[PDB]
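Coordinate inspection notes
Here is what each chain is made of, one letter per residue.
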Amino acid sequence: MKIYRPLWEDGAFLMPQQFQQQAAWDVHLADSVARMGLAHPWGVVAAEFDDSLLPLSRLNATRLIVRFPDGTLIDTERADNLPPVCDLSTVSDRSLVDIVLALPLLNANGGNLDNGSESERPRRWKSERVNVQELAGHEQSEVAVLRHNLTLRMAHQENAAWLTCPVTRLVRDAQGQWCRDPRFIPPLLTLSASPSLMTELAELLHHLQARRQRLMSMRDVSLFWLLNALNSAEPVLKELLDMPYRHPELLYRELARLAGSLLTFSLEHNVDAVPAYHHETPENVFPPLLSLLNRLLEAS
Amino acid sequence: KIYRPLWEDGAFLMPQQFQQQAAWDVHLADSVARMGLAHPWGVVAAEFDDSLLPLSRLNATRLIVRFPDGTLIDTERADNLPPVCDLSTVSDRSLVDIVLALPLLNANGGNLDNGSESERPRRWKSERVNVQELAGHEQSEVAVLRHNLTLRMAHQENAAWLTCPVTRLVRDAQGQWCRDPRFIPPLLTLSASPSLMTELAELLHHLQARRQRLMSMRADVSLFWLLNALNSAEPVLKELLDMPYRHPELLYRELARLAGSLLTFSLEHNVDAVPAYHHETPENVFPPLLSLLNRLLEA
Amino acid sequence: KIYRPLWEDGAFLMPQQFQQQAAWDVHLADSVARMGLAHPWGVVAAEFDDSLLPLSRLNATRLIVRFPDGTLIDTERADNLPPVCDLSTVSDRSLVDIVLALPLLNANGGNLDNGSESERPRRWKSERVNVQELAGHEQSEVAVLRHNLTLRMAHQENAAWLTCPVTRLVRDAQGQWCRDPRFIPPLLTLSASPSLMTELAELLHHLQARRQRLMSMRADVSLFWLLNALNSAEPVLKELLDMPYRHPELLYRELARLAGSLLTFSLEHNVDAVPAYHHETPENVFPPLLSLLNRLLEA
Amino acid sequence: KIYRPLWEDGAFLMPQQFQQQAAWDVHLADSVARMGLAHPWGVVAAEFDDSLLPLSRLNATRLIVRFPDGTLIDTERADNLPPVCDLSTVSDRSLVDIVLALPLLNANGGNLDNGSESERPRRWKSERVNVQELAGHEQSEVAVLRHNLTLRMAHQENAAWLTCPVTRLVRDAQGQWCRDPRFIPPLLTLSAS
Amino acid sequence: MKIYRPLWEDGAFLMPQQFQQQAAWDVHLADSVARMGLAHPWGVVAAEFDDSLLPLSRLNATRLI
Amino acid sequence: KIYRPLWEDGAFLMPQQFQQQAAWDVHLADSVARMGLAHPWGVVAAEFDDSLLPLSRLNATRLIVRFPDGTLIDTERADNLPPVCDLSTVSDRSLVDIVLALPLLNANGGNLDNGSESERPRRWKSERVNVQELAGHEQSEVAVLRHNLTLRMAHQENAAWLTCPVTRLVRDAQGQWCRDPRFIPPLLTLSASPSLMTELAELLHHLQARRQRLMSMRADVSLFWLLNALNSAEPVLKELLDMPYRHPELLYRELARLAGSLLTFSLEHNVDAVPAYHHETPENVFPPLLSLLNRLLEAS
Amino acid sequence: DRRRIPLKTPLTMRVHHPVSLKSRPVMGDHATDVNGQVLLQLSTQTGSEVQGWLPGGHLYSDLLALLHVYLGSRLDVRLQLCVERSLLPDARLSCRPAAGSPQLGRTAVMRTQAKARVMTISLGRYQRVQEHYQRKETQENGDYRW
């Protein structure tokens, strides 16, 4: 995937290649900047589904905002379309199915636009004609606008031709009907993308504050160490949770520091208990880290 | 809302394609900033000519401001300065706040000011500029977009504008107008407000002085507690002030941690003495945080 | 400087519009990076073929460098490798520094190299490339912009070029040239320097070893005071070094904090032992700090 | 880096697999040579037609040489002879060292010469030749690779090429150019000189 | 006997000659290496014969290298 | 067991043809090496990270090895490094011999590791790598073959693996692990052992020093012939050590001749004093040969 | 005239049903076609004719109308025009498209800054059958044994 930045001379032909390559470069630059501060500048920002038809084996997305591993930003609110409804009838046999958002891989050799024909390789782009209002003047007209060939796919089926990112997990309930997993977390780009995590984080802060206030009132270096750790962390953790619209890496580090300090005096916990950060599988990062922190706070 | 155009063989060239392509690129830049920053908007620089202030004229000389909707205004790099604000109409006030205003985008178009008047302001201006080509040697006139920037009073109706504070004016002893020496707009860089930089420098000075005294005295437990807190913070806070070109959120966290630890020593101060971060009204964040830190260090 | 084009119904399509639009977008991207990073520039990759050094030739294999003015050079994705540098001309030297040079942009135009005589270097090259259209199947020749990259010696006049260090060469036992095993260019990512990366990994390992023994052992107040510092630092240092694709400023701060705390215990090593961060010359930043940390932990 | 291809059922057939495989095999052969020989590279044949020296032209007839980086040149079997060297620009000299130059590899691709010009010389050239199938009784035209070889003088800039001496020319008593009777190329085979 | 180094061009017709020539080159290269150290890099490695039927005018090999 | 393909007329593009050709090519190259050298295999490089030994872990940093069946491993150019070796289960021992292991080829197939469990270790791994074409500009992904290398202990069952020594660990006075200061693996390239380089350098120095003394000085028969022996041997030994990148067999022969002659002057020792060459255990070859030569030269 | 043809399937290696070289296979992305098209190049000496030949012009339309019958489905024709730059329009934007509006990849030549040479521009391509997909596999077929 080479990018051929165009040159504009005294006089020349305009070409599709100039425009396509220039756009590619600008996307590349944006991605390059993100990577200066964040190891994993991709993931889910938002994901919402209409569960009304879920009892009838239909998974209907209502809003998806996902940044893909290769700098491509999908936003069905601002500049894209929602995927077709996923039929769960074919996975009735299973008690659990994971669903991912799939985006067809770019073909370096062209043929990326979907012309309505069938082929082995899924097409990436679609052409939709819409009425676009000119900003400067008062006229509007039809313009060919690029849309992405988004689709929801079963996580367990072959997905070789697609770049994928998890959006939801479904399980079978007591009544045998499909429902959403109460504790599923996709790769997150922003904390606000997963309400379940936000709730647990809020609870942690509450307990932390309560522990702090009680200990502060009751006033051996152990006392001061535990209190210092609480006082040091709280002013920062609070701000992070008040404005939950930033990459998890920032939160992880603050929580990790807190766990690290607390484990200094614990004599029943493993100093290596703190999990490594994993972007793809956040479920194995935050839920256990938070559980550890809760136990450490209780063990005063 | 934003239509990413499909560039392909046989396509026609329409202004919508270009306008929409640009909008998307701006969006992407904004999206990236938000990955690390809660409030990626505010003042980078703002300078005014005080010379005519005694004669009710506020004449900006340099303005670099990032607006809440991703729009970047830079009168040094790629824009024009706003018209001079006439302060005569507010001569009955002892204090007035000045904001930089940029008219809101019209979703229905008509964003370009062609000289026609209406009930709603427009933000785009058309200027003809003789622009030098880079590749070759020739030069010619092109249509350049400038922004309809204006200075408005904070107390005026501003529903039709997106605004950001830039300066505050007060009446002096002689009744003449002068600038308020203790005013802070929303910032993107620390250097954007000399008043703050001065206070930050003083903090570092006092911190270092106390650190040195404590080191000399190497109650042993109490001494270790405090030295650890100070020695940990100093190597970082210094670097942040040496290169004062970073979003304030970064400074806040570093100072907040220090205040947090120090409040474990001084019982007379409530833990909640540390203010929450507020981007819109930084005057209620840094000045009191710094005051608290100074008191904690003095004690 | 930058004249953002205004796209209008009756506007003509002129080269200047495209050149200015591109300039703005680069500027905007740079502005965003600058919100969190004091120095958003430096080396990402600087690989050379060592096998030709014995034959007095320096042939770059992969260069990724972000220049001081927001320009990104990438020979892996969108540019060409520089001409082979002849080391024959420095037969009287035992140590030479190599910098990657990029000619300054001329505000007055004449930036494209048309093969004519010029007292100053040109910045842009025009290459004809048959480029595939992504939408359909057809392909056609376009004019591709390539940069006039070249390797120059540090001791040469470089007034007309932007420069960034990429490698240092020294004499081997046989008098032949070889690459200096301990050289660090201005870094944009940690992975750009295997030398530094190796030492950083070693530091973490030493940190862990000391942690373990203190943790095993559990007047003992000094154990707890110190152990806390180690337990606090490790969970973060580990992450940063595990996946080494972050701007050095982030690592510096973490390492500095650790040194800060450790210098609260040591009496021999002054608090001021911690070096200031310098982006241009990391060689005077990291190897000092790392040595200090190793001594403090070993003690 | 050399990426040995993984051959398996269902795998795609790709030109990259072949190019990487070739590189590996050359590397392996070079490794073996180095077990016993300190300097595997050198000249095997450097035969020139010197009858044209009186007319300021140096024309190679058979060149065989292994380069410092394992590249094998074989005029007799696989490679073409370089263009005739014009000595008219050597008028003011009494002694010239001639080397065979070979452009060095571009790490990021673009090694094949497509007829365009560039700052750094291309290494490979594509030619169409008639090749007989050994098994049967048929012929066809196929594409083959040749090295972009050329003769250059030692006093010229040669940074962009790997070089190996092949001949030295000295002014004779008559003012004519001739091959120096006592010149020895870095030898790989004793019979070469 | 010429030996070509085939160009594995993408999209070109794939031909049996390309494989024959590629193999020939690899053999040539290996032979070239041997000749750098040994004047006569050829001969017998193994020549084990079955002479059990030799009394009946029949000679056969069991292993030839 | 190697079925060279027949590329004629309507040949079929079968994966077997390519695999068999590769097998032959390696065999052929190996056959050539064996014309001059008895043992064309061994270690070229074996660099390890010493900072993990305090934490009971051994991790190679650079391995270049040629196995007994022509297989060439090079973690600088084509191969990956082996997983970190956990020495915890070896703790009881004071001395540990570590070898590099590679599972034997299965003539009956199933050589590729597909992640499944089996009683016989798989030797090949499939890695996806984005590889740039050399001839043209196009860049694309291919399946790259990597060796399934691992470190194993000499005392473990190694029936299913090819293997050779790469390092030996011993416990230090403090009980911590440390690489044995005097370990030599079967060498392919003389320079592979830094300790050997040092000892050889000392020998050459002493040889030259003794030569110069006798040379300047020139019962006179013994003097002439002792000097002759040194004058003859030095010019070649020097060349062998000046560019020390040759198979050990060449050096051994040259040194052995010198020792042989020197034993004609000494009556204080045997005539079979010169050790036989052993490739697998060079430790019993060079260190005593060199010691013998040093002592004989000193005896003069 | 050479055209690139997409492949239904890529060239791969198989065991049970391998590809024979008798098929003269090529790498899996695109194959060439030099038996499906011809190139028809036009050249004029006046602006009137040029405008007529440009897309939207009456000569462009008439030529295709005639090819429709004369060549029919036999071959496709690639059309291009070679005329002096002075006879071409300066590419300009418009809020509304038009038949005579310049096309991005064919005629949209930028104005020259008063730096005539001959410019080659594209006109279009003649093709009757678009080869779209409506196969509707099959339910039944002609099946007489005879």
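Residues numbered from 1 in each chain as written, not as in the entry; some residues may be left out. Chains lettered and ligands numbered in written order. Part of a larger assembly, values for the part shown. Heavy atoms only, no water. Residues with missing side-chain atoms left out of burial classes, pairs and counts.

If you check the header, you'll see the entry was determined by cryo-EM and the resolution is listed as 3.7 Å.

**A short note on the overall build of chain A**
From N to C terminus, chain A includes five helices and ten strands. The globule rule puts the C-alpha radius of gyration for 300 residues at 19 Å, and the 24 Å found for chain A is more than 25% above it. Dimensions of chain A along its principal axes, counting C-alpha atoms only, are 80 × 60 × 40 Å. (Helix = DSSP H or I, 4+ residues; strand = E, 2+ residues; numbered from the N terminus. Rg over C-alpha atoms; globule rule 2.2 N^0.38 Å.)

**Some remarks on the overall build of chain G**
Looking only at helices and strands, chain G has two helices and five strands in total. Taken over C-alpha atoms, the radius of gyration comes to 22 Å for chain G, far larger than the 15 Å a tight globule of 146 residues would show. Projected onto its principal axes, the C-alpha positions of chain G cover 70 × 35 × 30 Å. Counting every position in chain G, which comprises 146 residues, the buried fraction comes to 36%. Per element, the accessible surface of chain G, about 10,000 Å² overall, is 48% carbon and sulfur. Side chains of chain G carry 21 positive and 12 negative charges; the gap between the two charge centres is 5 Å. (Buried < 20%, exposed > 50% of the residue type's maximum accessible area, 1.4 Å probe, protein only. Areas by Shrake-Rupley, 256 points an atom, 1.4 Å probe, with all protein chains shown as cover. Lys, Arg positive; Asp, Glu negative; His and termini not counted. Charge placed at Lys NZ, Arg CZ, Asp CG, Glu CD.)

**Regarding the interface of chain C and chain B**
Taken together, the contact pairs 56 residues of chain C with 62 residues of chain B. Among the elements that make up the side of chain C that touches chain B, the one with the highest residue count is helix α1 (residues 15-33) of chain C (twelve residues). Per-class residue counts for the side of chain C that touches chain B are 27 nonpolar, 18 polar and eleven charged. (Contact = heavy atoms within 4.5 Å. Nonpolar A, V, L, I, M, F, W, Y, C, P; charged D, E, K, R; others polar.)

**Considering the sheet that holds strand β5 (residues 118-126) of chain G**
Residue and element names in this part refer to chain G. Strands sit in the order β3-β4-β5 across an open sheet of three strands; the sheet is mixed. A strand with exactly one partner marks an edge of an open sheet, and here the two such strands are β3 (37-42) and β5. For this sheet, the mean inter-axis angle between neighbouring strands, taken without regard to orientation, is 20°. Summarising the sheet, β3 and strand β4 (residues 76-84) pair through six bridges and their orientation is parallel. The partner of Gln41 across the bridge, within β4, is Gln80. Across the sheet, helix α2 (residues 58-70) lies against β3, β4 and β5, angled at about 45° from β5, the strand it touches most. (Pairing = 2+ DSSP bridges. Axes fitted to C-alpha atoms, helices over the stretch in contact; angles between N-to-C directions.)

**Remarks on the interface of chain F and chain G**
Contact residues are listed per partner, giving ten residues for chain F and ten residues for chain G. A breakdown of the residues in the side of chain F that touches chain G according to their chemical character gives seven nonpolar, two polar and one charged.

**Section: the pattern of salt bridges**
For the structure shown, the criterion picks out 98 salt bridges over all chains. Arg246 of chain C serves as the salt-bridge partner of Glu239 of chain C, at 3.8 Å between the closest nitrogen and oxygen. With respect to burial, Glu239 of chain C and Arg246 of chain C carry one shared label: buried. For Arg146 of chain F, the salt bridge goes to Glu127 of chain F, with nearest N and O atoms at 2.9 Å. Taken together, the residues span a long stretch of sequence, with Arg146 of chain F in strand β7 (residues 139-147) and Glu127 of chain F in strand β6 (residues 124-132) at a distance of 19 residues. For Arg146 of chain F, a relative accessible area of 8% corresponds to the buried category. Residue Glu127 of chain F is classed as partly exposed on the basis of its relative accessible area, which comes to 27%. A cluster of three or more residues bridged by salt bridges with shared partners is formed by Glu254 and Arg257 of chain A, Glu254 and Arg257 of chain B together with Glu254 and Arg257 of chain C. (Salt bridge = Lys/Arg side-chain N within 4 Å of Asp/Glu carboxyl O.)

**Describing the arrangement of the chains**
There is no contact between chain A and chain E; across them, the least C-alpha separation is 12 Å. The smallest C-alpha distance separating chain B from chain E is 24 Å, and no contact links them.

**Comments concerning the side chain of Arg211 of chain B**
For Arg211 of chain B, the location among the structural elements is in helix α2 (residues 194-216). The class for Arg211 of chain B is buried, based on a relative accessible area of 4%. If we skip the residues at most four places from it in the chain, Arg211 of chain B touches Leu227, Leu230, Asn231 and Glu234 of chain B together with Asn270, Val271 and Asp272 of chain C.

**Notes on the pairing of strand β7 (residues 139-147) of chain B**
For β7 of chain B, a buried count of seven out of nine residues is recorded, marking the element as mostly surrounded by other parts of the structure. With antiparallel pairing between neighbouring strands as the criterion, strand β6 (residues 124-132) of chain B and β7 of chain B make up a hairpin whose turn holds six residues.

**Examining unusual backbone geometry**
Not every positive phi belongs to a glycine, and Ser56 of chain D is a case in point at roughly 50°. Taking relative accessible area as the criterion, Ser56 of chain D reaches 23% and is therefore assigned partly exposed.

**Some points on the nonpolar core**
The biggest cluster of nonpolar side chains holds 82 residues, and the ones touching the most others in it are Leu88, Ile99, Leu152 and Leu255 of chain A. The element that contributes the greatest number of residues to this core is helix α4 (residues 248-262) of chain A, accounting for eight residues. Formed by 68 residues, the second largest nonpolar core is a distinct cluster that contains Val271 of chain A together with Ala192, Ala259 and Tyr277 of chain C. (Core = buried A, V, L, I, M, F, W, Y, C linked by side-chain atoms within 4.5 Å.)

**Observations concerning the relation of the copies chain C and chain B**
With an RMSD of 0.4 Å, the fit of chain C onto chain B corresponds to turning through 120° and sliding 0.0 Å along the axis. On this basis, the relationship between the two copies can be described by a three-fold rotation axis. When each C-alpha of chain C is compared by its distance to the rotation axis, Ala29 of chain C comes out closest, at 3.6 Å. (Least-squares fit on C-alpha atoms.)

**Observations concerning the packing of helix α2 (residues 194-217) of chain C against helix α3 (residues 221-242) of chain C**
When two helices pack together, their arrangement is captured by the angle between the axes and the distance separating the axes. Residue and element names in this part refer to chain C. The contact between α2 and α3 brings their axes to 10 Å, and the two run at 145°. Helix-helix and strand crossings are classified by hand; for α2 and α3 the assignment is left-handed. Within the contact between the two elements, α2 uses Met197, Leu200, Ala201, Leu203, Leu204, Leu207, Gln208, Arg210, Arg211, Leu214, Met215 and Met217 and α3 uses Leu223, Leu226, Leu227, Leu230, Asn231, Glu234, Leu237, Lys238 and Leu241. Along the lines of polarity and charge, the residues of the contact of α2 with α3 split into 15 nonpolar, two polar and four charged. (Left-handed = near helix turned anticlockwise from the far one by under 90°.)

**So, the sheet that holds strand β10 (residues 178-180) of chain A**
Residue and element names in this part refer to chain A. With antiparallel pairing, the four strands of this open sheet are ordered in space as β8-β5-β9-β10. Each edge of the sheet is formed by a strand with only one pairing partner; in this case those strands are β8 (151-154) and β10. The mean inter-strand angle of the sheet, taken between neighbouring strand axes irrespective of direction, is 45°. Note that strand β9 (residues 162-172) and β10 share three bridges and pair antiparallel. From the neighbouring strand, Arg172 faces β10, where its bridge partner is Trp178.

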